[PDB]
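Visitor: First the structure, then my questions, so here it is.
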Amino acid sequence: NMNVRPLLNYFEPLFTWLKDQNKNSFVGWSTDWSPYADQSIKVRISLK
Amino acid sequence: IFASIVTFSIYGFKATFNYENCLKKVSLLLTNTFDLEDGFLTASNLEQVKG
């Protein structure tokens, strides 16, 4: 089967460097922000 | 007795109206919160939809 461990072993020094460099950061993202949310307008319609 | 009849009829009407408004406010709040289709959430099925 295909193994991903070789890639992790190859990039381990870079992973350690990033972890050292990412202490004052927020790993991850939120699926709600958008470049147009700050200037958008919400509408709500109730026909019945 | 006749006066009591006349008064309590209107009193019951007012109580029924207040109860209907109580139901309507909760229904509207739930519909706005969960974005359910309008008119779909009725008074009869309130408990089932709540659960």
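Ordering of the structure tokens sets the chain letters (A, B, ...), residue numbers begin anew at 1 in every chain, and ligands are numbered from 1 in the order given.
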Using only C-alpha atoms and a distance of at most 9 Å, pull out the residues of chain B that contact chain A, as a compact mmCIF listing (two decimals) with N, CA, C and O atoms, in the first residue's frame.
Guide:
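Once written, result_6.txt looks like this:
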```txt
# COMPACT_ATOMS: atom_id res chain seq x y z
N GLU B 37 -39.14 26.80 6.62
CA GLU B 37 -40.08 27.37 5.66
C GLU B 37 -41.28 27.96 6.38
O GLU B 37 -41.82 27.38 7.33
N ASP B 38 -41.71 29.14 5.93
CA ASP B 38 -42.83 29.83 6.56
C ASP B 38 -44.12 29.04 6.37
O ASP B 38 -44.35 28.42 5.33
N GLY B 39 -44.96 29.07 7.40
CA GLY B 39 -46.23 28.38 7.35
C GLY B 39 -46.11 26.89 7.63
O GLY B 39 -47.08 26.25 8.04
```
Visitor: Assign secondary structure with DSSP using the backbone only, and return the residues of chain B in helix (DSSP H, G or I) as a ChimeraX atom specification.
Guide: /B:2-34,46-50
Visitor: Export N, CA and C atoms of the chosen residues as a tab-separated table (two decimals), in the first residue's frame?
Guide:
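Written out: out09.tsv:
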```tsv
chain	number	residue	atom	x	y	z
B	2	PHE	N	-76.50	37.19	34.44
B	2	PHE	CA	-76.45	37.68	33.06
B	2	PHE	C	-75.23	38.56	32.84
B	3	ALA	N	-74.95	39.46	33.79
B	3	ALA	CA	-73.77	40.31	33.67
B	3	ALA	C	-72.49	39.48	33.69
B	4	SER	N	-72.44	38.45	34.53
B	4	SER	CA	-71.26	37.60	34.57
B	4	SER	C	-71.05	36.89	33.24
B	5	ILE	N	-72.14	36.42	32.62
B	5	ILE	CA	-72.05	35.82	31.29
B	5	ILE	C	-71.43	36.82	30.32
B	6	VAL	N	-71.97	38.04	30.29
B	6	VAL	CA	-71.54	39.02	29.30
B	6	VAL	C	-70.06	39.35	29.49
B	7	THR	N	-69.64	39.55	30.74
B	7	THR	CA	-68.25	39.91	31.00
B	7	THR	C	-67.30	38.76	30.68
B	8	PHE	N	-67.64	37.55	31.13
B	8	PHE	CA	-66.70	36.45	30.98
B	8	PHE	C	-66.57	35.99	29.54
B	9	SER	N	-67.57	36.24	28.70
B	9	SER	CA	-67.39	35.96	27.27
B	9	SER	C	-66.22	36.77	26.71
B	10	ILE	N	-66.22	38.08	26.94
B	10	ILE	CA	-65.16	38.93	26.43
B	10	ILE	C	-63.83	38.60	27.10
B	11	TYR	N	-63.88	38.26	28.39
B	11	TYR	CA	-62.65	37.87	29.08
B	11	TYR	C	-62.03	36.63	28.44
B	12	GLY	N	-62.85	35.64	28.11
B	12	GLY	CA	-62.34	34.46	27.43
B	12	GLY	C	-61.78	34.79	26.06
B	13	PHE	N	-62.44	35.69	25.34
B	13	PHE	CA	-61.91	36.11	24.04
B	13	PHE	C	-60.53	36.73	24.18
B	14	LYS	N	-60.37	37.62	25.16
B	14	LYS	CA	-59.08	38.26	25.38
B	14	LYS	C	-58.01	37.24	25.75
B	15	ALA	N	-58.35	36.29	26.62
B	15	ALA	CA	-57.39	35.25	26.99
B	15	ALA	C	-56.97	34.43	25.78
B	16	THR	N	-57.94	34.06	24.93
B	16	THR	CA	-57.61	33.30	23.73
B	16	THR	C	-56.69	34.09	22.81
B	17	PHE	N	-56.96	35.39	22.64
B	17	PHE	CA	-56.10	36.21	21.79
B	17	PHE	C	-54.68	36.26	22.34
B	18	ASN	N	-54.54	36.43	23.66
B	18	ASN	CA	-53.21	36.47	24.25
B	18	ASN	C	-52.48	35.14	24.06
B	19	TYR	N	-53.20	34.03	24.21
B	19	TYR	CA	-52.59	32.72	23.99
B	19	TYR	C	-52.12	32.56	22.55
B	20	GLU	N	-52.94	33.02	21.60
B	20	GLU	CA	-52.54	32.94	20.19
B	20	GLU	C	-51.30	33.78	19.92
B	21	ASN	N	-51.23	34.98	20.51
B	21	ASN	CA	-50.04	35.81	20.33
B	21	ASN	C	-48.81	35.15	20.94
B	22	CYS	N	-48.98	34.50	22.10
B	22	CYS	CA	-47.88	33.78	22.71
B	22	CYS	C	-47.35	32.70	21.77
B	23	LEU	N	-48.27	31.95	21.16
B	23	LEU	CA	-47.85	30.92	20.21
B	23	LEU	C	-47.15	31.53	19.01
B	24	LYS	N	-47.69	32.63	18.48
B	24	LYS	CA	-47.15	33.23	17.27
B	24	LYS	C	-45.73	33.74	17.49
B	25	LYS	N	-45.47	34.36	18.64
B	25	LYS	CA	-44.13	34.89	18.88
B	25	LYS	C	-43.09	33.77	18.92
B	26	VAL	N	-43.39	32.68	19.63
B	26	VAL	CA	-42.46	31.56	19.70
B	26	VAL	C	-42.26	30.94	18.33
B	27	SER	N	-43.35	30.78	17.57
B	27	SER	CA	-43.23	30.21	16.23
B	27	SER	C	-42.33	31.06	15.35
B	28	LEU	N	-42.53	32.38	15.38
B	28	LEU	CA	-41.71	33.27	14.56
B	28	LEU	C	-40.25	33.22	14.99
B	29	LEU	N	-39.99	33.19	16.30
B	29	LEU	CA	-38.61	33.13	16.77
B	29	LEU	C	-37.93	31.85	16.30
B	30	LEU	N	-38.61	30.71	16.42
B	30	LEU	CA	-38.03	29.45	15.97
B	30	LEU	C	-37.78	29.46	14.47
B	31	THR	N	-38.75	29.97	13.70
B	31	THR	CA	-38.59	30.01	12.25
B	31	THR	C	-37.41	30.88	11.85
B	32	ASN	N	-37.26	32.04	12.49
B	32	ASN	CA	-36.12	32.91	12.18
B	32	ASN	C	-34.80	32.25	12.58
B	33	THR	N	-34.77	31.58	13.72
B	33	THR	CA	-33.52	30.98	14.19
B	33	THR	C	-33.07	29.85	13.28
B	34	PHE	N	-33.97	28.91	12.98
B	34	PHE	CA	-33.60	27.71	12.25
B	34	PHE	C	-33.89	27.80	10.75
B	46	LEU	N	-46.20	21.66	16.93
B	46	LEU	CA	-45.16	22.42	17.62
B	46	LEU	C	-44.24	21.50	18.42
B	47	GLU	N	-44.83	20.56	19.17
B	47	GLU	CA	-44.02	19.69	20.03
B	47	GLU	C	-43.13	18.77	19.22
B	48	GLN	N	-43.66	18.20	18.13
B	48	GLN	CA	-42.86	17.30	17.31
B	48	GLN	C	-41.67	18.03	16.69
B	49	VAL	N	-41.90	19.24	16.17
B	49	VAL	CA	-40.81	20.00	15.57
B	49	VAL	C	-39.82	20.43	16.64
B	50	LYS	N	-40.31	20.77	17.84
B	50	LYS	CA	-39.41	21.13	18.93
B	50	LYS	C	-38.48	19.97	19.27
```
Visitor: One number please: CA of residue 28 (chain A) to CA of residue 42 (chain A), in Å, one decimal.
Guide: 27.3 Å
